[PDB]
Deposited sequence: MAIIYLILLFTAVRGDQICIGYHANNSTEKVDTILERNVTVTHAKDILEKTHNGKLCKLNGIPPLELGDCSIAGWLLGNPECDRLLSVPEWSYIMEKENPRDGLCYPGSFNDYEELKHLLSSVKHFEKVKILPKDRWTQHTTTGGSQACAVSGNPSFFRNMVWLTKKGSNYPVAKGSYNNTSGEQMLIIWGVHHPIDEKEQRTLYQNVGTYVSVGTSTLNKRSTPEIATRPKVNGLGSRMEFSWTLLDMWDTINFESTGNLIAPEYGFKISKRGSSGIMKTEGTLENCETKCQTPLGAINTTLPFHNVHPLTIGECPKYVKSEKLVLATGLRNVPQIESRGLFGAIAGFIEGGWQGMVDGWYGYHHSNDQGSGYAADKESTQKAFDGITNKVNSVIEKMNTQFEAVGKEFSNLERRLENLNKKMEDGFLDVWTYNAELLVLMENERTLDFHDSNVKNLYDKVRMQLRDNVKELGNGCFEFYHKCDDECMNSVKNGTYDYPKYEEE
């Protein structure tokens, strides 16, 4: 009696031709499980900003005085609409361009470049209520130029970058609301703010205008930035309205990653792929957790499950008509294999090797790399943002189809592999016994001679032979 396996499972798979097919064993290849924690990345923590925007951090807004500030990070954590940036109303040129820069960094380090002390001939105590530190008229920590007395000589300030690393320098211009607030502030009138490097050349003038009030002020500050190379000097020259640096940022990077909008908090675990909902210690080719991962991640997919069949049709008591065919049922009373007698370890190991290989081919072929996914855009980059979105929308489709289908096409194939293995085991046995048995038709052979147990192992050996001279 040849037969096949059947257990207490009720896992269901789908094949190209049938669905809701109950199978003995099955493997899922859709990661759908995070862990709600935010982690280091390949050993390197994010940059946690709580409720500071990169802008408020670098400028040194009084409200970011106490922030983590790790010297090296893999990505950045930032709350969707942080609240704490330019406490002095204004704006920031090429902002996003800069955030994609600081998203990931090999080494960061503040340094003093244009000391507050050295701008004699110029007031430096300038400040604003809006940038007040506990009922005190302060200002941006890292910034610094008003008239001293009734005079405003030109301002010159310079810095040959000797720090052995490229440096991020930030500066700005004051836009008053009034020609009276102008002379009351810089005495002169047709004023400019000039910067210069080996690769940068910029001459902004202020733009005076009536404006609505914000954090108390009708006036704004407009900041810009740049990347002074090593051994390159920068230059400043202004006849009024220059907000100067005092500090630069020695920045050595890296690989460039991306920012993660998130509420949570670093938790001191470890992952290779991190999502807004949590990390994902996984090895599957696909996942459906959240679109906005950072790291080396499986491919996002619009499924709920991708169940692969590994075992056979579970039939307690096809394409080759043996399983659920002429062998009408599975034996729940066979446990040491998938096919056997009344198990056969030759074919079982073969088909165990078979399925294993399959499940490996699906997985180990899926090449994956460190992407960032979530990008940063401004109000005049909607077009650009959508473009990104059409693409990720577009690979979403391509991957979801190849995956729903891969599974259905390989599931009907796996079901046939088994059918055919049971079919060939019944055939291996047919052409050993031959005349010495009645072939019943349920996959059973009745012995026309007397068959003891040694005679039973020979048939399992493939050794039956064959001194029968009986009707």
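A.B. asks: Report the unmodelled segments of the deposited sequence as residue ranges counted from 1.
C.D. replies: Several regions go unmodelled: 1 to 18, 163, 337 to 340, 366 to 375, 505.
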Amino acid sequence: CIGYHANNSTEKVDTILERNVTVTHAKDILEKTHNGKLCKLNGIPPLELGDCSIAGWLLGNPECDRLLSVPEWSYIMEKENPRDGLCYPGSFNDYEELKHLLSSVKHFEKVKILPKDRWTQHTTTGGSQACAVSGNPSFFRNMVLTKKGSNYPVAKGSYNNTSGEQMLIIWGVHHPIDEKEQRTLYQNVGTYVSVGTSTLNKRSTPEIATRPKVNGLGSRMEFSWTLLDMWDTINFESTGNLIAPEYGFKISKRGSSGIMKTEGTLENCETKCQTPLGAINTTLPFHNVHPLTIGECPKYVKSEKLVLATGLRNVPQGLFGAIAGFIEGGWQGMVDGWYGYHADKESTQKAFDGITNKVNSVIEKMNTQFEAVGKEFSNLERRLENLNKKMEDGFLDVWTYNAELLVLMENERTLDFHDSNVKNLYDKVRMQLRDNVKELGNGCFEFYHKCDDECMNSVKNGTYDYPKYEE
From here on, numbers count along this sequence of modelled residues.
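A.B. asks: Quick check: 121 to 129 versus 283 to 291, which has the larger average CA B-factor in the record?
C.D. replies: Going by the record's values, the stretch with the higher mean is 121 to 129.
A.B. asks: If you average the CA temperature factors over each stretch, which comes out higher, 130 to 138 or 91 to 99?
C.D. replies: Mean CA B-factor is higher for 130 to 138.
A.B. asks: Highest Cα B-factor in the deposition, which of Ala26, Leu440, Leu41, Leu433?
C.D. replies: Highest CA B-factor of the listed options: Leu41.
A.B. asks: Please pick out which of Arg211, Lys156, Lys180, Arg382 has the largest Cα B-factor as recorded in the entry.
C.D. replies: Comparing C-alpha B-factors across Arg211, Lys156, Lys180, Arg382, the top value belongs to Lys180.
A.B. asks: Could you look up the Cα B-factor of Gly50 in the entry and say which third of the chain it sits in: lowest, middle or highest?
C.D. replies: Highest third of the chain for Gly50's C-alpha B-factor.
A.B. asks: Pull the Cα B-factor of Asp65 out of the PDB entry and bin it into the chain's lowest, middle or highest third.
C.D. replies: Highest third.
A.B. asks: When the deposited Cα B-factors of this chain's modelled residues are ordered and cut into thirds, is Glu109 in the lowest, the middle or the highest one?
C.D. replies: Ranked within chain, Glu109 CA B lands in the highest tercile.
A.B. asks: For the chain shown, is the CA B-factor of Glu446 in the lowest, middle or highest third of its modelled residues?
C.D. replies: It belongs to the highest third of the chain when residues are ordered by C-alpha B-factor.
A.B. asks: Going by what the PDB entry lists, where does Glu304 fall on CA B-factor within its chain: lowest, middle or highest third?
C.D. replies: For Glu304, whose C-alpha B-factor we compare with every modelled residue in the chain, the answer is the highest third.
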